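Two forms, one protein chain; structure tokens for each follow separately as structure 1 and structure 2.
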Structure 1
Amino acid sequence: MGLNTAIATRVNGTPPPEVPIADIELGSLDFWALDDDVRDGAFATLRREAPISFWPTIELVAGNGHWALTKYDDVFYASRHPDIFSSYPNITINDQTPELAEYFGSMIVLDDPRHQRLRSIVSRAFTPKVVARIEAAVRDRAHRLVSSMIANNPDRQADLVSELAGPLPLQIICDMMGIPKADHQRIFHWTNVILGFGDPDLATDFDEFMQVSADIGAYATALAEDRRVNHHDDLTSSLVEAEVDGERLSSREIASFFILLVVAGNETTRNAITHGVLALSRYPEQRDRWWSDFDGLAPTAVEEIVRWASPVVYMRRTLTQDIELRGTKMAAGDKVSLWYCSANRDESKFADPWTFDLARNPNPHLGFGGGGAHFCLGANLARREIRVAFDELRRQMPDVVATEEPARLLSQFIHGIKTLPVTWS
């Protein structure tokens, strides 16, 4: 009904309501359904009263529980000490088998030296011609998707997720890899079934999920085998040709890197853009400031959108040895969860953490993690994707605004918005 009228604004800088520590149940799915004000107040209570605490996994096999690190300094320290806080082979709270974790996770589930081998050769594949292709695709696909929003919608209403934030990062990944247009339908279907496993409200058939995950891997392996014969100016070809000290990637390694990208390089940028449109809709003075000086404010605006959205809520590690932090003794083998959503509101680190300030500087947020060995390999591409999406909104539909509160994804790991209706003139 009200899909033609702007959502309520909020007063910028307002802290979340006080949340009693007894109300906080990180191991309960019902807790993850509470809205972001209750969640943000919950992590505020933990930072203040119980900054390291142990929680059960969400069940629905219950596994071992995890120590939640909620303070910026603890998440930073854990990120920079991977010999103690290991990523091998699990980076979510629920454990996967090592072979499945490596198949879907590529370098993100490895420690050095295997991680550094893989990351160094992948990094070398981002050659000048490949980077030029990627940068042209970001602008082409953002411009087309926003133009299509206008062409497809005489009522000037659309769902930002389905029409812009959802397709943009996966179309860019298709273009970067050199995937033909005619294969988008298969890549989107496979990717949507894989992502859907992360949504407990969307039925995921197990057999269908295993078969799409085999097919997408076979598809990327065949794409790499073709580029071994036929060099194109795309990332698949530079991945097959890249070499560090004689070491080269197998086609199987390339395929798993692609499977990592269609999740980790895709739903994260989607949610940064959708939370950024939500935030501009709640704080229109920030939208006005940015539009008044788009290029001058873009570098700090994009970082503040990532700090504010924290699209990756947490990453997990596993202790290789006993450690005591803040007086809390944790044992070798224990799970540790690193709450970037909470680090990104830590009052010791950020002046006025509840203010959404697109001029914020400095902004040492941990939305791409705490830094160190696994620091987001796509961070510069994500920053460009965010900037150019907002640039195309500003150029083509500058008053675009959310018209209904978002439908939120029920997830502990992904700060997901499933739908965000918008309207424009």
Structure 2
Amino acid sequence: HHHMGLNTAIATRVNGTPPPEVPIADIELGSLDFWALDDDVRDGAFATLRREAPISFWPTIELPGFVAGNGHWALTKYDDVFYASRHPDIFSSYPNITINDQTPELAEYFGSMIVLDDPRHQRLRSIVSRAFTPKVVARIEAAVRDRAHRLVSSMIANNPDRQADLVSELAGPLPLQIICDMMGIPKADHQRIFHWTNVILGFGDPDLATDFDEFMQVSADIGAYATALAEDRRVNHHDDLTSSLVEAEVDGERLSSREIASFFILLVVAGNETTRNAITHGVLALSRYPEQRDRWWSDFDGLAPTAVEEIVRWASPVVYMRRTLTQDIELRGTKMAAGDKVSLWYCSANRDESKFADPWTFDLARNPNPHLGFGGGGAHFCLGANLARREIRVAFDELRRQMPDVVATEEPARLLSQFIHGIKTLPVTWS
């Protein structure tokens, strides 16, 4: 009740404290109710699974209008998630990378390279890979700085009472601007794009959408938007990713309408529904662990590489990805069959004591940090990892410089999702 800092700040936590493990009878990964439990309970549940049932089978959650279908084998240990990620010939990304079943209706919009194996996957990725390389992403530092600086200044100018929502006022709009400008989308449409991607990756949370007809209308609307922009760029090139997409050939053929729409959707969804959560979880963590804030603030450039990676490990913005077996395998005495679904729990790998001796410590100097927040490595390693790391670093530097004592004042409103570790709103203040 008499803590350092601003009076309405949330409670701090003792760094390093492991959450209690949860009795296995209380764990139901196949119920959306489990995904509504407190993150301490979730974290303690995956701790139980790592200890007691490191590979275990679960029914698939059926969100309204999706097809659940067959259940899945959950890999909760780091070493199994890594192995699966590095064996794509066994653990295929086709037909889907979420646990539910693909359909033709969905594949119009969600049939991108993320649900394909090589060689076609790599031929698609090579259309855009150069734009996401470290040395190319570095050359847009000025754009990231301009927008992040302006957003933080606007939080100050727009809120005389010194209260704001970090998500809507910084964490959301920064990555949105950057990916949309890369794509070649005009500013006037960025908020439309953001509403569409919020629904696409928020489905099942009543605050976002629970009517499948709304999900499909949004998907059709963003697909139509992509097609129309692509059509413009076919006739008049711009130096943007949409133009690259429409100019490319794979195996001697231009991409179809479905392929262009799916590629465009993949890139904007992934740009808009990930980094914002790393930033927001990171501010939550700094609020809980002020010693970590202080050490980063007093050596920002020196600690930034490791600090950003620790924020990603801590947040695990992508909770899991799915694979499908192409052959029978056995792991940990559990035999899994060709055709079975396998879920890779990055959130759990990133707390595995076998790989991190002190996994419950939020340590901005952590080195090494072999976290799987961008996946286990290999063919599908996050295309956006360099971009995301730069966005995160700049956002925190701009906060440090202009409102160093920014702190959460309420616990987050958490997205109801099995797939994305999302924060919908995070009230903050500053002096």
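Numbers follow structure 1, counted from its first residue as 1. Take the two forms, superpose them, and find the largest set of C-alpha atoms that agree within 1.5 Å; that set is the rigid core.
Among the candidates 284, 296, 180, 333, displacement between the two structures reaches 2 angstroms at the C-alpha for one position only, 180 (superposition on the rigid core). Once you line up the core between the two structures, the Cα of residue 104 ends up 2 Å or more from where it was. Core-superposed comparison between the two structures: CA of residue 240 displaced by 2 Å or more. Taking 2 Å as the criterion, residue 322 does not count as shifted between the two structures: its C-alpha moves by less than this amount when the rigid core is aligned. Comparing between the two structures on a rigid core frame, one finds that residue 128 has its C-alpha moved by 9.7 Å.
Comparing between the two structures on a rigid core frame, one finds that residue 268 has its C-alpha moved by 0.6 Å. The two forms, fitted on their core, place the C-alpha of residue 193 4.1 Å apart, compared between the two structures.
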